[PDB]
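Summary of the model geometry
In case you want the letters, here they are:
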Amino acid sequence: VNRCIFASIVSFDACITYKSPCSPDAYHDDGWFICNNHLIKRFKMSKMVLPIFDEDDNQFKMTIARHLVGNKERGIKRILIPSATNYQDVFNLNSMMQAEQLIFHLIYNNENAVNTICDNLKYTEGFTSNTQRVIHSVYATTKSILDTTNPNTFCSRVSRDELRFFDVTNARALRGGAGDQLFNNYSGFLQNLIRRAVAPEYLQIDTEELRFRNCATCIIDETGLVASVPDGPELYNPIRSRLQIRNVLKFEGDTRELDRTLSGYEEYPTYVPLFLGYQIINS
Amino acid sequence: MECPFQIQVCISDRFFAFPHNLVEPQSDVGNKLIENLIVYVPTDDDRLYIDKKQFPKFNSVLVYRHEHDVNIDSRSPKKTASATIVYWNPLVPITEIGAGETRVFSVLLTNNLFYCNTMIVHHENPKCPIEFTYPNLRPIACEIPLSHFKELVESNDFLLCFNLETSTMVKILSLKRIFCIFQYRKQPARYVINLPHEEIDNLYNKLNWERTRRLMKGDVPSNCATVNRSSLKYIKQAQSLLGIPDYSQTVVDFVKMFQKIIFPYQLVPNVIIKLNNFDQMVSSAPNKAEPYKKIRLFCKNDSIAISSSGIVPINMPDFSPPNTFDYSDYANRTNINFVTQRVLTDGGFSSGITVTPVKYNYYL
Ligand SMILES: [Zn+2]
């Protein structure tokens, strides 16, 4: 059994085959439905796991993603996610295959274009072929994924009080706030996706309220989410894999054998986390 | 169990909201009026929607969540006439009572309240509400009602949800709260429920017991309800075989459509027989395999009635043992077999044939 939405992706013709397929995790159950391959490919992110002490080494764990954006690029190039307000502006959908553009119109509820292209395809030979039933199978899949209640299961729980606020804790980080109001207006599938991705800064428990990083990684953004440090210069995001300058005015660095001397010491990884706001959980 | 002497229950669905007005200052004999008043509630949530100022009659008013202790447990509870006490829709037996006769105002008859002084002030609510489940949605915070006051008035399609920890009794409570207000509403709102429902069907059986408990004193209301699996699957299939202009069409549609022909054909539809056949209990009852619950069915002015098994004279046990018997010269094995062989030859059929004589009851 396999679940990645990008493995559910199909191509209308043998050429333009949807090759370079999903990461094998597509056989897993994760509730991302994106394979990590596609998550890298489309949005410059890679998912990750917080190990939580279950009051113990006992299993408590939470999902995370690092972003893969660089330190120099700005605006749209920093954008992580769009709104329907701008999803076409970000994707340049025409470059994309027709089923991809279709599925984006699904996510952003562009029923107009959806039905337009559906009606155009009806009489095409390849849509008298069961491409219709394929696309509506994808539809049904999403329908199940939101049959789990899009508001009630996702957040409007009867344990309603166990809420995530993604608003910035800092009272001076005032560009946040109504970003949480936007969150309600993003489609619930995406709300759930965020609820996966984003580590809280804090959690209230009946045990205690507790604090996990000093300061927030980014902020909520007014179209879709962006590499959005609350203040100051963008933090150096390194990159792990044309007639331009690439000067790096390095220190001379003659202290050879450094690694053979020090390697036992903790080799601090750098990839940016996703602390944001306050979760609440009963007991 | 029973209600201890000097306690009385008022049931009314209207009591889903607190009927502040009705209560009066209790007094002991000797006119020892008791302005001290305590109320017990399932939750502080209840208290959040209760106004002290309603009760200027009293100078001393306090309210707390009920807790079912151990040590005071008795058929005869502790008494304390020094304060009036009320319990509001209590779930579980009470250990202490107030001044004079105590009274409780509740929507639901628990088993605890079986043999009790009781009043119901019931009235018929005609408008049966409905379920519908396609798999836009009204999302509900599926416990707090007034959160969605006016919402339930305005919209007619609502989602229903719970966190795991809920006690079965709490679930039952909140659900029962819903349906009263729905029957008060002017239109059949459609339930949608995010639960595998099997044990929920079981508590529906419990609702059946409860409603019969009501009926022991009740309105004999035309209350709509149904089995939720054995019915629904088969009904869906039946429509499927039929043309399905409206997959959403109410069962009662089909019901009354069939009803149109009963008297002219004077006989029971297979549909209605499968109903009262494929319920667990109110049926042939696979629980016990009791088709013996044949329907004797009568209509105005008839000299006769329609059984599950043909016409009958009135008020008699389905068939007299004395009879113009299916004498064995007819229905002799031998003749049965001979005719069957004729049949088999004529058909050129190898297998799958069986035969049986007809039989008769009071009437032939
Ligand atoms: Zn994929």
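Per the PDB record, this model was obtained through cryo-EM at a reported resolution of 4.78 Å.

As recorded by the PDB entry, chain B carries the name Protein AC109 and is attributed to Autographa californica multiple nucleopolyhedrovirus. The title assigned to this entry in its PDB record is "The base complex of the AcMNPV baculovirus nucleocapsid (Class 2, localised reconstruction)". Taken directly from UniProt, the Function text for chain B runs: "Plays a role in the transport of the budded virion (BV) to the host nucleus and for occlusion of viral progeny."

As annotated in the PDB entry, chain A carries the name Major capsid protein and comes from Autographa californica multiple nucleopolyhedrovirus. For chain A, the Subcellular location comment in UniProt is given as "Virion".

Of regular secondary structure, chain B possesses nine helices and 15 strands. In terms of C-alpha radius of gyration, chain B reaches 28 Å, well past the compact-globule figure of 21 Å for 364 residues. Taken over the C-alpha atoms alone, chain B extends approximately 95 × 55 × 45 Å along its principal axes. Out of the 364 residues in chain B, the part that is buried amounts to 25%. Summed over its atoms, the accessible surface of chain B is roughly 24,200 Å², and 60% of this surface lies on carbon and sulfur atoms. Placing the 39 positive and 35 negative side-chain charges of chain B at their respective mean positions leaves the two points 4 Å apart.

Let us now look at the overall build of chain A. In terms of regular secondary structure, chain A is built from nine helices and six strands. Per-residue burial over chain A gives 37% buried out of 283 residues. As displayed, chain A has an accessible area near 19,100 Å², and 56% of this comes from carbon and sulfur atoms. Here chain A holds 30 positive side-chain charges and 33 negative ones, and the gap between their average locations is 7 Å.

A word on the sheet that holds strand β6 (residues 278-281) of chain A. The strand order across the open sheet formed by four strands is β3-β6-β4-β5 (chain A), and the pairing between neighbours is mixed. The open sheet terminates on both sides in strands that have one partner only, identified here as β3 (164-165) and β5 (209-211) of chain A.

Once that is clear, we can look at the interface of chain B and chain A. Counting from both sides, the interface comprises 12 residues of chain B and, opposite them, eight residues of chain A. Regarding the contact of chain B and chain A, the summed buried area is about 700 Å², with carbon and sulfur atoms giving 62% of it. If you sort the residues of chain B by the area they bury against chain A, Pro135(B), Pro139(B) and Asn163(B) come out on top, with a joint share of 42%. Our enumeration of links across chain B and chain A arrives at zero salt bridges. Across the contact surface, chain B and chain A share two residue pairs in polar contact. A class-by-class count of the residues in the side of chain B that touches chain A yields eight nonpolar, two polar and two charged.

What follows covers the state of the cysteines. Residue and element names in this part refer to chain B. On inspection of all chains with the given rule, the structure shows three disulfides over all chains. Across the disulfide, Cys128 is cross-linked to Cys224 (sulfur-sulfur distance 2.0 Å). With the S-S dihedral at roughly 95 degrees, the linkage between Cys128 and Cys224 falls on the right-handed side. Residue classification places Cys128 among the partly exposed residues on the basis of a relative accessible area of 29%.

Residue and element names in this part refer to chain B. Here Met119 shows up in strand β10 (residues 117-119). Sequence separation between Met119 and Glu67 is 52 residues, and the spatial gap between their C-alpha atoms is 26 Å. Contact partners of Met119, with chain neighbours within four places excluded, come to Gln8, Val9, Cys10 and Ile11.

With that out of the way, let us pick up the packing of helix α5 (residues 111-122) of chain A against helix α6 (residues 125-147) of chain A. Residue and element names in this part refer to chain A. In the contact formed by α5 and α6, the axes pass within 9 Å of each other and the chain directions differ by 140 degrees. For the element pair α5 / α6, the angle class is oblique. Of the residues in α6, those touching α5 at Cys118, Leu121 and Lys122 are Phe127, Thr128 and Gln132. Considering only residue class, the contact of α5 with α6 consists of three nonpolar, two polar and one charged.

Below, the discussion takes up the coordination of the zinc ion. Residues and elements named next belong to chain A. For the zinc ion, the protein coordination sphere consists of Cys4 (SG), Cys22 (SG), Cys35 (SG) and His38 (ND1), at 2.2 to 2.3 Å. For the zinc ion, the four donor atoms in the first shell make angles of 45 to 152 degrees at the metal, a pattern classed as irregular. In the primary structure, the donors to the zinc ion are separated according to the pattern C-x17-C-x12-C-x2-H. Taken together, the residues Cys4 in the segment before α1 (5-8) and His38 in helix α2 (residues 36-43) connect sequence positions 34 residues apart. Note on accessibility: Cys4 and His38 belong to one class, buried.

Turning next to a nonpolar patch on the surface. On the surface, a cluster of nonpolar side chains totalling about 620 Å² of accessible area is made up of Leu48(B), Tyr49(B), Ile144(B), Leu146(B), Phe149(B) and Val153(B). Its place among the elements puts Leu146(B) in the loop between β11 (130-131) and α2 (151-154).

All names here are of chain B. Spatially, β9-β1-β10 is the arrangement adopted by the three strands of the open sheet, whose pairing is parallel. The two strands at the open ends of the sheet, each matched to only one other strand, are β9 (102-106) and β10. Between one strand and the next, the sheet's axes are offset by a mean angle of 20 degrees, whatever the strand orientation. Taken together, the three bridges between strand β1 (residues 7-11) and β10 define a ladder with parallel strand orientation. Following the sheet pairing, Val9 is matched in β10 by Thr118.

The next point concerns the pairing of strand β12 (residues 157-160) of chain B. Residues and elements named next belong to chain B. Both β12 and strand β13 (residues 190-193) contribute to a ladder of four bridges, which runs parallel. Paired with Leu159 across the two strands is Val192, which belongs to β13. With helix α3 (residues 168-184) bridging β12 and the parallel β13, this β-α-β connection has right-handed handedness.

Attention shifts here to helix α4 (residues 198-215) of chain B. All names here are of chain B. Taking 1.5 Å per residue, 18 residues should reach 26 Å; α4 reaches 25 Å between its end C-alpha atoms and fits that length. Buried within α4 we find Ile200, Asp201, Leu203, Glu210 and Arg213. Buried residues along α4 sit in contact with α3.

All right, on to the packing of aromatic side chains then. Counting across every chain of the model gives 19 aromatic pairs over all chains. Considering the side-chain rings of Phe166(A) and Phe183(A), the 4.4 Å spacing of their centres and the 25 degrees angle between planes classify their relative orientation as stacked. Placement of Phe166(A) in the loop between β3 and α7 (179-185) and of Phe183(A) in helix α7 is noted, with a sequence separation of 17 residues between them. Each member of the pair, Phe166(A) as well as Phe183(A), is classed as buried. Considering the side-chain rings of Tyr40(B) and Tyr87(B), the 4.7 Å spacing of their centres and the 25 degrees angle between planes classify their relative orientation as stacked.

Conventions used here
- Residues numbered from 1 in each chain as written, not as in the entry; some residues may be left out.
- Chains lettered and ligands numbered in written order.
- Part of a larger assembly, values for the part shown.
- Heavy atoms only, no water.
- UniProt positions renumbered as here; feature names shortened; annotations may be inferred.
- Helix = DSSP H or I, 4+ residues; strand = E, 2+ residues; numbered from the N terminus.
- Rg over C-alpha atoms; globule rule 2.2 N^0.38 Å.
- Buried < 20%, exposed > 50% of the residue type's maximum accessible area, 1.4 Å probe, protein only.
- Areas by Shrake-Rupley, 256 points an atom, 1.4 Å probe, with all protein chains shown as cover.
- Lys, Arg positive; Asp, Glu negative; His and termini not counted.
- Charge placed at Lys NZ, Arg CZ, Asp CG, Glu CD.
- Pairing = 2+ DSSP bridges.
- Contact = heavy atoms within 4.5 Å.
- Buried area = accessible area lost by both parts, 1.4 Å probe.
- Salt bridge = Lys/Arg side-chain N within 4 Å of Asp/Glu carboxyl O.
- Polar contact = N/O pair within 3.5 Å; in protein donor to acceptor, adjacent residues only side chain to side chain.
- Nonpolar A, V, L, I, M, F, W, Y, C, P; charged D, E, K, R; others polar.
- Disulfide = S-S within 2.5 Å.
- Axes fitted to C-alpha atoms, helices over the stretch in contact; angles between N-to-C directions.
- Parallel < 35°, antiparallel > 145°, perpendicular 65-115°, else oblique.
- Donors = N, O, S within 2.8 Å, 3.2 Å for Na, K, Ca; no water.
- Tetrahedral: all angles 85-135°; square planar, octahedral: opposite > 155°, others 65-115°.
- Patch = residues over 30% accessible without salt bridge, like charges linked within 9 Å, V, L, I, M, F, W, Y side chains within 5 Å.
- Right-handed = clockwise from strand over helix to strand, strands pointing away.
- Expected span 1.5 Å × (residues − 1).
- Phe/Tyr/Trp six-rings, centres within 6.5 Å; stacked < 30°, edge-to-face > 60°.

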